[PDB]
Number of protein chains: 2
Amino acid sequence: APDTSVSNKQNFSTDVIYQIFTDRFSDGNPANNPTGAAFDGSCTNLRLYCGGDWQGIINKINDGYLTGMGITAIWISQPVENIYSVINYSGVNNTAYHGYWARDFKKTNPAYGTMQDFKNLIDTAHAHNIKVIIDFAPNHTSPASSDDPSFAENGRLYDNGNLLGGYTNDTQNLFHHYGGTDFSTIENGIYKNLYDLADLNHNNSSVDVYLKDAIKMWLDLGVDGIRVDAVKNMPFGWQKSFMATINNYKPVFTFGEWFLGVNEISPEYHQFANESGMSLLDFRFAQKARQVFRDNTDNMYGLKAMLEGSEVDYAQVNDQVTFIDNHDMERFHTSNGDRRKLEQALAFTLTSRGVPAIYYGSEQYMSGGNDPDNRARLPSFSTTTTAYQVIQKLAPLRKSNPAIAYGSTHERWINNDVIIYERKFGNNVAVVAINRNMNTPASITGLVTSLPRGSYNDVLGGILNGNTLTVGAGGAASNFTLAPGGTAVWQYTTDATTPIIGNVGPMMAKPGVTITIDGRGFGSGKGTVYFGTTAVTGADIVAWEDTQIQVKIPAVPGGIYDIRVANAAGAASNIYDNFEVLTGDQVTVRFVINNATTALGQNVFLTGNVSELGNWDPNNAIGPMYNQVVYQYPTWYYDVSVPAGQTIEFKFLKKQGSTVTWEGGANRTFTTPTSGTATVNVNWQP
Amino acid sequence: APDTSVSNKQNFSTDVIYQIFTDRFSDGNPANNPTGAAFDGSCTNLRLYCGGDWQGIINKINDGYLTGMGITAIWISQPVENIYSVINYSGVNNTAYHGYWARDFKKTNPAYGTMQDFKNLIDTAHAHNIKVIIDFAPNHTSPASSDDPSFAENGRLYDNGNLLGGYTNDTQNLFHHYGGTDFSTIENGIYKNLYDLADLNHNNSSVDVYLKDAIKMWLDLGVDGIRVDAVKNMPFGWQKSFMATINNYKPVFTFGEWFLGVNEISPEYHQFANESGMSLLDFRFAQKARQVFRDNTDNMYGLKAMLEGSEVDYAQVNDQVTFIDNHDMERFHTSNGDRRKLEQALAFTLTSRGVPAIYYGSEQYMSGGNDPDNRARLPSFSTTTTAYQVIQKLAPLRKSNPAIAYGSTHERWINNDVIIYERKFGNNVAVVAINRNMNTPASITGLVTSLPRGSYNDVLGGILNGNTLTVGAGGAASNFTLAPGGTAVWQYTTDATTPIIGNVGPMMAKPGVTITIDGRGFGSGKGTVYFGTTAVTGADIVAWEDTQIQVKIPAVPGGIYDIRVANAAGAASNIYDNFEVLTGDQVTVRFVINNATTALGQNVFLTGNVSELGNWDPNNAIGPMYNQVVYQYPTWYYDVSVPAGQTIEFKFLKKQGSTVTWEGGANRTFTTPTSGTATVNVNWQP
Ligand SMILES: [Ca+2]
Ligand SMILES: [Ca+2]
Ligand SMILES: [Ca+2]
Ligand SMILES: [Ca+2]
């Protein structure tokens, strides 16, 4: 199938995502509305249910509101049954309208609809070439107090109607009982509770296989993507085994949320995007875009430095989901803010690298502060606002122009208030110019681009005061004045002759799984795919066409590989690196070591004989291990995804800067479980 | 040995070349000075001999003039015996002071010195870590008139004293007798005479073998590079077999001259640098730098465009020889012009990509218009000019900082008078900021860089009004003012842990010859070099160390290959592409096809069964063939380098853009000569 079909569940850079808070979009079925104190039909108390549901989304796909905008993916609230309690916090009544307070991960929330309504949503979205991403929040169930079992539903967890357990009298230890986080430490934020939400214990084997069984059910119902909540607050080792479960089963595009504040650049965040198996909501993009286009706290050089810097820091930049606001932020549009700011920031996001997500109601210029004020019911389904029109004009270009979908980003002209950049993939190019100064025109002189000679019409049709670009010989453009607030988009597409890989999905799986490689210039005839120097041809290539090949991962040793495609004539593509071949299916084992005394700046690490443990290399060793909440120093512990059903060999080590201290003695050995979890508890061998 | 060694004859990116017109530099021995009408000791007549010689260059290496400047390579006039005539040209006497009127390519020009003075120069140069490049002008011999055998020495050619022939009564056709070129076409400028110079006929086997034996004896005398003259005026097919002779014998850095005018970009120019086996004097760079830094006919956005554009148009941009003037241009410094322009431009060339060449006397602010005026005698050997100090401070950076010698180039801040660019290679960085406005300061706000946080002295020590850089978090620099005419250079070096390939020389050779791969992070233990998927290891790696590996080309099919290095631990480098492995030793064959009538822009091409002929791919066929000068349409002809001593199968084809019309019949066959040339004259087969 082409890279652009709705059947491509693995990669979304040709898509534009519309993020829907289901309750606040459209009430298509009033009979499923909550009653009593849980409901507010006027939606003036934004913490109660307003009545929006899956029938309401179906109605707006059908009548052309969503498809007229060029949206090709919908991202909806978590679909799982939530608690029914109306919780009064400080006088304010609160409900699970948002879908984050789960009680049964195997049933739907009846206010949004029945399992048949969910199937109908999948089927009419797909019939309209719209992909469906669901939230999934496996960190916790719902508000609970172990001291007061009468509060809310005591965080109880059910399994398709069957009670597994509650927070008070938790003898199975389905939950963590360490108190609440003060967010001081990543370890602290993982094993202690977020606010009052009952924290699931992923080291309990029943919780581990339940969550993994529940996600396969939703994959079986046909979802196309997963947004997982609170990625910074679950064990990274357990999340990599959860990603291995979905990738070795039915790989779909998965991304997480790790919040980043205004000038925060976090190494851990980048590491997570690069090694977890999932990508991330690009907060670095969103915060710098708001500084330059909304708040005016940085200028175009900051924007340039973020575009340039993030193409290198994210190993797979085309998998990051970009945005300019979402339910975790004040809406971009303010009351005293010029609407042209929002229209330019949406044109910047729609033509930039990654996977663009538009928060519902942006095209109707909704404003509002933080939660819950950024979640009002959307006020109009007007199809004639300028903002609706810029998305309608730009969002189809991600399917039609591979430079917008996959291309590199190159700044061609800049000053404090103007950036014009070029996106390029093979022979396909898009050029966009934006003047964020609403008062001053900009004189553009000396612009050169990769466009062939011609008179390019602005894809936005002058609605954001863009103009035609006249390109002469050698990509040189005739000089022009960019209007105050001006934004124009110019483009050119042709066939690629060379194989060029634009995106690969999934990026981590065991031998035998089918991977999807997307690009241009692969040719009609089946060629060769290289994982390192291993060539796979013939029957292992399950599908081959010009924009997409689907191929089975060969039986190579675990580790990370470069991928390269050679068309049938022997011409090879660019390298797409950092693919991780797993040793096999994964399980997460807690490693605990006692009496591992350390100096200031010295920490304990784990390494062993399988790629998942870094293949005996101290620079790739697992850790630093934790030592405050579940166990305390000199006991250190860590949850690690490791191959299932195998005897691994391993050793602990201490690292202080360049100095490695291996424990003495024979290598340790352990036979991992085939499913569930396990704990190894050992003592430092001098 | 390390990449920066004087023994690295293959790659010169770490070097600074000083271009010397031997006769206009230093007369170290007056006894070899020409007498009478041929000589002018005051050097006021710039067309006569002034006395400069090889002994004088030895004196300036020994008294510390050249070595104090930091120069590491010297490029001198053609060393070959020239004609002795004083030629008149409208009452203006002219001599061969410039070395361009060769008589015998196996002897020295005695005004420059003896074979023993030449060996002494090589040895004094190498003792003081200076490489020696010679001009080589194989296109012609000297001024000749076939009508008047008494003019000049009638272009006579000798072979080590034995007369081979002259231009009048050239019974063995040593020369072209087609009349003179009007430069209308590439073909016209190749086979007709340039001005009045007797044009050598490289299709003659005696001329062909003579020139290739002549170059090999200069390589045997120890020369480290070759600049070949009039590269646009000799057959590409003959020049490629010449390059293969050098590269399959004793590969040294060789580059040619193909003149480009202001704003002239020639695709045949780029094709030649990318496919001939030699690189080129970077006229594209030189012309744009003069427009920005001297003449003010473009600004910093044009410089940016040249810099970004040429990085993709030259397949190996690190092999191009950059400069701001030379013997074919008016001198950069203008009489009573601002010296700061010349010092700025020198600093720009010295820190940009490629191999920088400084024309002698630039550091003494020599001014002069076109030939002979751009070659007066150097007026001073002063070591304290600001221009001498700029070269002295910046030339060593190409040896010490690999970001200067091999790095990528990236604009970080720009407006029409200021550019600040970064060079980057691994974690080594250099950033240089140039304000070309001599009267206005510039406030640099928003400079983001890859420098580690810290303060950085200007390496020029403030001589061109530079300043200290304070880099804070994330490479963001504190606001500062760039003075009028301010140029500052700031750098950071650290050792590289992963292998990075910065340059490969030679780029075209048969199996079995040793190539030199230069870069950083290779490690001290042998690893692997891949030519495609063919891993070369062990005894085939002649030498390995962290900055340089020497390895023998494996016995792979002729074609072009990607090179990659994997160090002893398996971390692989970047790909260095476009390496050509030849099928074997090369001979030039002239292919002639008669009765090949074509349509509106339909042309005749050649392809066949060896890589040198495109391996039967019509998109890679040799041509369009020629049909004006040596043979006339519908007879077409071309001179093609092909593997020597083997049977080739070939066929002609016509291409109407995308339509290929092939000859009918069976494939043609020819067994190529082992040396010398051959001619295949055939008729079109339907
Ligand atoms: Ca409803
Ligand atoms: Ca948690
Ligand atoms: Ca002399
Ligand atoms: Ca010629």
# chains A, B, ... in the order shown; residues from 1 in each chain; ligands from 1
$ residues_around --residues "residue 458 of chain B" --least-positions-apart "6" --cutoff "9 Å" --atoms "only C-alpha atoms" --output "PDB file with N, CA and C atoms, in the first residue's frame"
ATOM      1  N   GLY B 466      38.924  41.803  16.561  1.00  0.00           N
ATOM      2  CA  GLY B 466      38.089  40.755  17.112  1.00  0.00           C
ATOM      3  C   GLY B 466      38.004  40.883  18.629  1.00  0.00           C
ATOM      4  N   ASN B 467      37.227  40.020  19.249  1.00  0.00           N
ATOM      5  CA  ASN B 467      36.941  40.134  20.670  1.00  0.00           C
ATOM      6  C   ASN B 467      36.774  38.736  21.233  1.00  0.00           C
ATOM      7  N   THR B 468      36.630  38.689  22.551  1.00  0.00           N
ATOM      8  CA  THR B 468      36.427  37.470  23.296  1.00  0.00           C
ATOM      9  C   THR B 468      34.958  37.070  23.221  1.00  0.00           C
ATOM     10  N   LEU B 469      34.654  35.778  23.098  1.00  0.00           N
ATOM     11  CA  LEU B 469      33.298  35.262  23.071  1.00  0.00           C
ATOM     12  C   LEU B 469      32.952  34.631  24.418  1.00  0.00           C
ATOM     13  N   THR B 487      37.022  40.937  12.510  1.00  0.00           N
ATOM     14  CA  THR B 487      37.078  39.537  12.179  1.00  0.00           C
ATOM     15  C   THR B 487      37.639  38.890  13.435  1.00  0.00           C
ATOM     16  N   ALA B 488      36.942  37.855  13.909  1.00  0.00           N
ATOM     17  CA  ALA B 488      37.366  37.096  15.069  1.00  0.00           C
ATOM     18  C   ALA B 488      37.170  35.627  14.761  1.00  0.00           C
ATOM     19  N   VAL B 489      37.952  34.733  15.363  1.00  0.00           N
ATOM     20  CA  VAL B 489      37.914  33.295  15.103  1.00  0.00           C
ATOM     21  C   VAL B 489      37.949  32.736  16.534  1.00  0.00           C
ATOM     22  N   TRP B 490      37.074  31.793  16.888  1.00  0.00           N
ATOM     23  CA  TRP B 490      37.015  31.178  18.235  1.00  0.00           C
ATOM     24  C   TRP B 490      36.948  29.667  17.997  1.00  0.00           C
ATOM     25  N   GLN B 491      37.537  28.785  18.799  1.00  0.00           N
ATOM     26  CA  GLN B 491      37.513  27.379  18.506  1.00  0.00           C
ATOM     27  C   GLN B 491      37.451  26.538  19.777  1.00  0.00           C
TER      28      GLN B 491
END
$ closest_atom_pairs --of "chain A" --to "chain B" --cutoff "8 Å" --atoms "only C-alpha atoms" --output "JSON lines"
{"residue": "A:299", "atom": "CA", "partner": "B:446", "partner_atom": "CA", "distance": 8.0}
{"residue": "A:301", "atom": "CA", "partner": "B:446", "partner_atom": "CA", "distance": 5.9}
{"residue": "A:302", "atom": "CA", "partner": "B:446", "partner_atom": "CA", "distance": 6.9}
{"residue": "A:305", "atom": "CA", "partner": "B:448", "partner_atom": "CA", "distance": 6.6}
{"residue": "A:413", "atom": "CA", "partner": "B:301", "partner_atom": "CA", "distance": 7.8}
{"residue": "A:414", "atom": "CA", "partner": "B:414", "partner_atom": "CA", "distance": 7.3}
{"residue": "A:415", "atom": "CA", "partner": "B:415", "partner_atom": "CA", "distance": 7.0}
{"residue": "A:446", "atom": "CA", "partner": "B:301", "partner_atom": "CA", "distance": 5.7}
{"residue": "A:447", "atom": "CA", "partner": "B:301", "partner_atom": "CA", "distance": 7.4}
{"residue": "A:448", "atom": "CA", "partner": "B:305", "partner_atom": "CA", "distance": 6.6}
{"residue": "A:533", "atom": "CA", "partner": "B:533", "partner_atom": "CA", "distance": 6.3}
$ residues_around --residues "residue 26 of chain B" --least-positions-apart "2" --cutoff "9 Å" --atoms "only C-alpha atoms" --output "PyMOL selection string"
chain B and resi 22-24+28-29+51-57+59-60+377-378
$ residues_around --residues "segment 611-613 of chain A" --least-positions-apart "5" --cutoff "9 Å" --atoms "only C-alpha atoms" --output "PyMOL selection string"
chain A and resi 557-560+581-583+606+620-622+640-643+650
$ write_last_selection --atoms "N, CA and C atoms" --output "short mmCIF file (atom, residue, chain, number, x, y, z; two decimals), in the first residue's frame"
data_model
loop_
_atom_site.label_atom_id
_atom_site.label_comp_id
_atom_site.auth_asym_id
_atom_site.auth_seq_id
_atom_site.Cartn_x
_atom_site.Cartn_y
_atom_site.Cartn_z
N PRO A 557 21.84 -11.21 15.42
CA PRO A 557 22.02 -10.98 16.85
C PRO A 557 21.35 -9.69 17.36
N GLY A 558 20.91 -9.60 18.62
CA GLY A 558 20.32 -8.38 19.15
C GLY A 558 21.34 -7.28 19.10
N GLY A 559 20.91 -6.03 18.90
CA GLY A 559 21.83 -4.90 18.87
C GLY A 559 21.26 -3.80 18.00
N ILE A 560 21.99 -2.72 17.68
CA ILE A 560 21.33 -1.72 16.87
C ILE A 560 22.01 -1.69 15.50
N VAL A 581 17.25 -4.38 17.02
CA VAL A 581 16.77 -5.75 16.88
C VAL A 581 16.84 -6.28 18.32
N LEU A 582 15.73 -6.80 18.84
CA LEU A 582 15.72 -7.36 20.18
C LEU A 582 16.17 -8.82 20.16
N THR A 583 16.74 -9.37 21.24
CA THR A 583 17.07 -10.78 21.34
C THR A 583 15.83 -11.66 21.26
N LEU A 606 24.49 -2.00 35.76
CA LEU A 606 24.28 -3.40 35.46
C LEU A 606 24.73 -3.67 34.02
N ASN A 620 27.65 1.29 27.89
CA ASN A 620 26.26 1.00 27.57
C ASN A 620 25.57 0.27 28.70
N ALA A 621 26.16 0.31 29.89
CA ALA A 621 25.63 -0.41 31.03
C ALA A 621 24.31 0.25 31.47
N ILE A 622 23.43 -0.52 32.10
CA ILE A 622 22.10 -0.08 32.51
C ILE A 622 22.18 0.67 33.80
N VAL A 640 14.32 -3.57 34.50
CA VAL A 640 15.09 -3.70 33.28
C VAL A 640 14.38 -4.65 32.33
N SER A 641 14.17 -4.25 31.07
CA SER A 641 13.61 -5.15 30.07
C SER A 641 14.75 -6.05 29.58
N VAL A 642 14.48 -7.33 29.61
CA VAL A 642 15.49 -8.34 29.36
C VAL A 642 14.85 -9.45 28.51
N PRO A 643 15.51 -10.31 27.71
CA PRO A 643 14.87 -11.31 26.88
C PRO A 643 14.18 -12.35 27.75
N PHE A 650 25.52 -11.72 33.74
CA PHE A 650 25.59 -10.33 34.07
C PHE A 650 26.49 -10.12 35.27
#
$ residues_around --residues "residue 645 of chain A" --least-positions-apart "5" --cutoff "6 Å" --atoms "only C-alpha atoms" --output "MDAnalysis selection string"
chainID A and resid 672:674
$ calpha_fit_rmsd --fixed "chain B" --moving "chain A"
0.3 Å
$ residues_around --residues "residue 598 of chain A" --least-positions-apart "3" --cutoff "8 Å" --atoms "only C-alpha atoms" --output "CSV table (one decimal) with N, CA and C atoms, in the first residue's frame"
chain,number,residue,atom,x,y,z
A,602,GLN,N,29.6,8.4,42.3
A,602,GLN,CA,29.8,7.1,41.9
A,602,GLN,C,28.5,6.4,42.0
A,603,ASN,N,28.1,5.6,41.0
A,603,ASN,CA,26.8,4.9,41.0
A,603,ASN,C,26.9,3.5,40.5
A,604,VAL,N,25.9,2.8,40.7
A,604,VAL,CA,25.9,1.3,40.4
A,604,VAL,C,25.2,1.2,39.1
A,634,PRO,N,22.7,1.2,51.2
A,634,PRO,CA,23.5,0.8,50.0
A,634,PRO,C,22.8,-0.3,49.2
A,654,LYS,N,30.4,-0.3,39.4
A,654,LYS,CA,30.3,1.1,39.9
A,654,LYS,C,31.0,2.0,38.9
$ closest_residue --among "B:609, B:686, B:144, B:276" --to "residue 648 of chain B" --atoms "only C-alpha atoms"
B:609
$ residues_near_ligand --ligand "ligand 2" --cutoff "6 Å" --atoms "only C-alpha atoms and all ligand atoms" --output "PyMOL selection string"
chain A and resi 139+190-191+199+233-234
$ residues_near_ligand --ligand "ligand 4" --cutoff "12 Å" --atoms "only C-alpha atoms and all ligand atoms" --output "PyMOL selection string"
chain B and resi 137-141+175-181+183+186-203+229-236+238-239+629
$ closest_residue --among "B:263, B:318, B:383, B:254" --to "residue 356 of chain B" --atoms "only C-alpha atoms"
B:318
$ select_by_dssp --residues "segment 5-210 of chain B" --states "strand (DSSP E)" --output "PyMOL selection string"
chain B and resi 17-20+73-76+80-82+102-108+131-136+140-143+157-159+162-165+197-199
$ select_by_dssp --residues "segment 241-333 of chain A" --states "alpha helix (DSSP H)" --output "ChimeraX atom specification"
/A:241-247,267-275,283-293,300-313
